[PDB]
Q: 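Below is one structure. I have some questions about it.
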Amino acid sequence: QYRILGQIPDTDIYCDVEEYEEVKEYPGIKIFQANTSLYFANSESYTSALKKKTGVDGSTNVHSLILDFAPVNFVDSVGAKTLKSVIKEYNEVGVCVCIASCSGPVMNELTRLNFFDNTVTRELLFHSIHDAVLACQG
Ligand code: NA
Ligand SMILES: [Zn+2]
(Lines give C-alpha, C1' and ligand atoms only; values in the text may rest on other atoms or scores of the structure.)
(Ligands and ions follow the chains in the order given, each with its own letter.)
Protein backbone atom coordinates (compact mmCIF):
# COMPACT_ATOMS: atom_id res chain seq x y z
CA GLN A 1 0.00 0.00 0.00
CA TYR A 2 2.74 2.51 0.92
CA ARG A 3 6.30 2.59 -0.29
CA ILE A 4 9.54 4.62 -0.30
CA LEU A 5 11.23 4.81 -3.67
CA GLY A 6 14.90 4.82 -4.69
CA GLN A 7 16.68 5.35 -8.03
CA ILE A 8 18.02 2.56 -10.22
CA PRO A 9 21.55 3.81 -11.00
CA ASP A 10 21.95 5.46 -14.39
CA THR A 11 18.18 5.56 -14.96
CA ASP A 12 15.02 7.54 -14.58
CA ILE A 13 13.35 4.50 -12.91
CA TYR A 14 12.29 4.44 -9.26
CA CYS A 15 11.50 1.23 -7.38
CA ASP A 16 10.65 0.12 -3.84
CA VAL A 17 13.73 0.39 -1.62
CA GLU A 18 12.67 -2.62 0.45
CA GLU A 19 12.32 -4.87 -2.58
CA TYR A 20 15.35 -3.82 -4.65
CA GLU A 21 18.74 -3.45 -2.94
CA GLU A 22 20.28 -1.90 -6.02
CA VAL A 23 18.29 1.35 -5.79
CA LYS A 24 19.63 4.26 -3.82
CA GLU A 25 17.83 7.14 -2.25
CA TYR A 26 19.07 10.68 -2.25
CA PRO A 27 20.41 12.08 1.06
CA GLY A 28 17.89 14.41 2.73
CA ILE A 29 15.11 13.43 0.33
CA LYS A 30 12.36 10.93 0.86
CA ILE A 31 10.22 9.77 -2.06
CA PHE A 32 6.82 8.46 -0.93
CA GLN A 33 4.34 6.58 -3.10
CA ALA A 34 0.69 5.63 -2.56
CA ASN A 35 -2.12 4.28 -4.79
CA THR A 36 -5.05 5.03 -7.10
CA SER A 37 -6.68 7.60 -4.86
CA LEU A 38 -6.44 10.09 -2.14
CA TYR A 39 -9.96 10.55 -0.91
CA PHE A 40 -11.98 10.45 2.34
CA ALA A 41 -11.57 6.74 2.99
CA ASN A 42 -7.78 6.66 2.93
CA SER A 43 -6.56 10.18 3.61
CA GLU A 44 -5.93 9.20 7.26
CA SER A 45 -3.88 6.17 6.28
CA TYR A 46 -1.95 8.31 3.82
CA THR A 47 -0.85 10.94 6.33
CA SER A 48 -0.03 8.31 8.94
CA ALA A 49 1.97 6.18 6.51
CA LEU A 50 3.68 9.29 5.17
CA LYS A 51 4.97 10.23 8.65
CA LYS A 52 5.99 6.71 9.57
CA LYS A 53 7.53 5.36 6.32
CA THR A 54 9.67 8.47 5.81
CA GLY A 55 10.93 8.65 9.33
CA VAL A 56 10.76 12.40 9.49
CA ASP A 57 10.38 12.04 13.23
CA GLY A 58 12.14 15.41 13.39
CA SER A 59 14.99 13.02 14.07
CA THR A 60 16.70 12.95 10.70
CA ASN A 61 18.01 15.51 8.25
CA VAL A 62 15.24 15.07 5.72
CA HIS A 63 14.65 18.47 4.16
CA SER A 64 12.42 17.36 1.25
CA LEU A 65 9.50 15.05 0.54
CA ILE A 66 8.55 14.06 -3.01
CA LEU A 67 5.06 12.67 -3.44
CA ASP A 68 4.66 10.31 -6.40
CA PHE A 69 1.19 11.04 -7.86
CA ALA A 70 1.78 9.00 -11.03
CA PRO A 71 -0.63 6.34 -9.65
CA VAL A 72 -3.23 8.84 -8.49
CA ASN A 73 -6.40 8.82 -10.70
CA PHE A 74 -8.76 10.45 -8.23
CA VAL A 75 -8.84 13.11 -5.51
CA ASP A 76 -11.87 14.45 -3.57
CA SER A 77 -12.53 17.30 -1.12
CA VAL A 78 -11.16 15.51 1.93
CA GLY A 79 -8.17 14.17 0.03
CA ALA A 80 -7.35 17.69 -1.17
CA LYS A 81 -7.79 19.09 2.37
CA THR A 82 -5.49 16.47 3.77
CA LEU A 83 -2.80 16.94 1.14
CA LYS A 84 -2.85 20.71 1.70
CA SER A 85 -2.37 20.23 5.46
CA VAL A 86 0.44 17.77 4.83
CA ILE A 87 2.23 20.41 2.82
CA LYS A 88 1.73 23.31 5.19
CA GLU A 89 2.57 21.28 8.31
CA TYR A 90 5.74 19.81 6.83
CA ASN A 91 6.68 23.33 5.64
CA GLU A 92 6.34 24.64 9.23
CA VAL A 93 8.99 22.15 10.40
CA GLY A 94 11.43 22.87 7.55
CA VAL A 95 10.42 20.25 5.01
CA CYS A 96 9.74 21.09 1.36
CA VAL A 97 6.90 19.02 -0.15
CA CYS A 98 6.85 18.71 -3.91
CA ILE A 99 4.63 16.61 -6.18
CA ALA A 100 5.68 14.45 -9.14
CA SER A 101 3.55 13.35 -12.05
CA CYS A 102 0.21 14.80 -11.06
CA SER A 103 -2.07 14.16 -14.09
CA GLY A 104 -4.12 16.89 -15.72
CA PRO A 105 -7.48 15.53 -14.51
CA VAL A 106 -6.22 15.40 -10.87
CA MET A 107 -4.79 18.90 -11.22
CA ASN A 108 -8.14 19.99 -12.52
CA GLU A 109 -9.99 18.33 -9.57
CA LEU A 110 -7.52 20.00 -7.20
CA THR A 111 -8.11 23.42 -8.70
CA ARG A 112 -11.90 23.01 -8.50
CA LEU A 113 -11.40 22.28 -4.81
CA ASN A 114 -9.42 25.52 -4.38
CA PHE A 115 -6.35 23.55 -3.44
CA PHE A 116 -3.95 26.14 -4.83
CA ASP A 117 -3.30 29.46 -3.13
CA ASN A 118 -0.31 31.79 -2.64
CA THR A 119 1.25 29.22 -0.26
CA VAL A 120 0.46 25.96 -2.09
CA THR A 121 1.31 26.73 -5.72
CA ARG A 122 1.61 24.83 -8.96
CA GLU A 123 5.36 25.39 -8.69
CA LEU A 124 5.34 22.40 -6.33
CA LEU A 125 4.40 20.17 -9.25
CA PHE A 126 6.87 18.45 -11.57
CA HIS A 127 6.56 16.19 -14.59
CA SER A 128 8.60 13.42 -13.01
CA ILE A 129 10.28 12.10 -9.91
CA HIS A 130 13.49 13.06 -11.66
CA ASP A 131 12.64 16.70 -12.14
CA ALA A 132 11.42 16.86 -8.53
CA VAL A 133 14.69 15.58 -7.12
CA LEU A 134 16.68 18.12 -9.13
CA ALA A 135 14.45 20.88 -7.81
CA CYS A 136 14.53 19.69 -4.16
CA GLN A 137 18.34 19.50 -4.45
CA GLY A 138 18.51 23.19 -5.45
NA1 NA B 1 10.93 -1.91 -10.18
ZN1 LIG C 1 11.34 20.68 -3.13
Side-chain angles (χ1 to χ4, degrees):
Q1 236 205 324
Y2 302 105
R3 331 162 188 60
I4 297 290
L5 304 181
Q7 188 202 18
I8 295 171
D10 313 317
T11 79
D12 188 8
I13 292 171
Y14 292 78
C15 311
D16 192 336
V17 297
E18 295 187 21
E19 303 191 327
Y20 296 88
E21 292 178 0
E22 314 92 328
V23 309
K24 271 176 56 162
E25 310 182 56
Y26 295 111
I29 301 185
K30 283 303 192 185
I31 305 160
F32 183 77
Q33 182 188 83
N35 282 326
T36 59
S37 61
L38 188 65
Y39 72 117
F40 64 81
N42 61 22
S43 45
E44 276 172 288
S45 292
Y46 184 94
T47 55
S48 176
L50 175 66
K51 185 181 174 179
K52 181 180 171 178
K53 287 297 173 185
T54 66
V56 74
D57 225 335
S59 68
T60 59
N61 297 267
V62 173
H63 60 70
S64 280
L65 302 172
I66 301 171
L67 308 178
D68 184 13
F69 267 50
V72 178
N73 304 127
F74 175 72
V75 67
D76 71 3
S77 187
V78 168
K81 167 193 165 57
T82 300
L83 180 65
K84 183 178 179 180
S85 296
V86 152
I87 297 164
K88 286 186 183 171
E89 288 174 69
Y90 276 112
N91 285 4
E92 277 193 82
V93 301
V95 187
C96 178
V97 185
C98 290
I99 302 178
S101 310
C102 186
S103 76
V106 174
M107 270 185 82
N108 178 264
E109 282 161 13
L110 285 179
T111 297
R112 290 175 185 266
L113 301 157
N114 298 128
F115 176 82
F116 298 108
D117 54 27
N118 306 104
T119 304
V120 192
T121 78
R122 299 175 176 81
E123 289 185 310
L124 294 178
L125 274 60
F126 298 92
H127 302 135
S128 56
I129 296 175
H130 180 66
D131 288 336
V133 173
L134 262 53
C136 286
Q137 282 183 338

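Numbering of ligands and ligand atoms starts at 1, following listing order. Throughout, residue positions are numbered sequentially from 1 according to the sequence presented.
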Q: In chain order, what residues pass the side chain to side chain donor-acceptor pair (under 3.5 Å) check against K84, with sequence neighbours excluded?
A: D117
Q: Sub-3.5 Å donor-acceptor pair from the side chain of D76 to the main-chain atoms of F40, do we have one?
A: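 Checked: pair present.
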Q: Take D131 and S128, measure what side chain to side chain donor-acceptor pair (under 3.5 Å) needs, and give me the verdict at the end.
A: CA-CA 5 Å; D131 288 336; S128 56; 3.2 Å; yes
Q: Under a 3.5 Å distance rule, please check whether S37 uses its side chain to pair with a backbone N or O of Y39 as donor and acceptor.
A: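 No, because the side chain of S37 does not come within donor-acceptor range (under 3.5 Å) of the backbone of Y39.
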Q: Please work out the angle at the Zn ion (ligand 2) defined by atom SG of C136 on one side and atom SG of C98 on the other, rounded to 10°.
A: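 If I round to 10°, I get 100°.
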Q: Below 3.0 Å of the Na ion (ligand 1), tally up the protein N/O/S atoms for me.
A: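 My tally for this metal is 1.
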Q: Please answer whether the main-chain N or O of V56 pairs with a side-chain N or O of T60 as donor and acceptor at a distance below 3.5 Å.
A: no
Q: Give a yes or no answer on whether the side chain of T121 reaches the backbone of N118 with a donor-acceptor pair at less than 3.5 Å.
A: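 Checked: no pair found.
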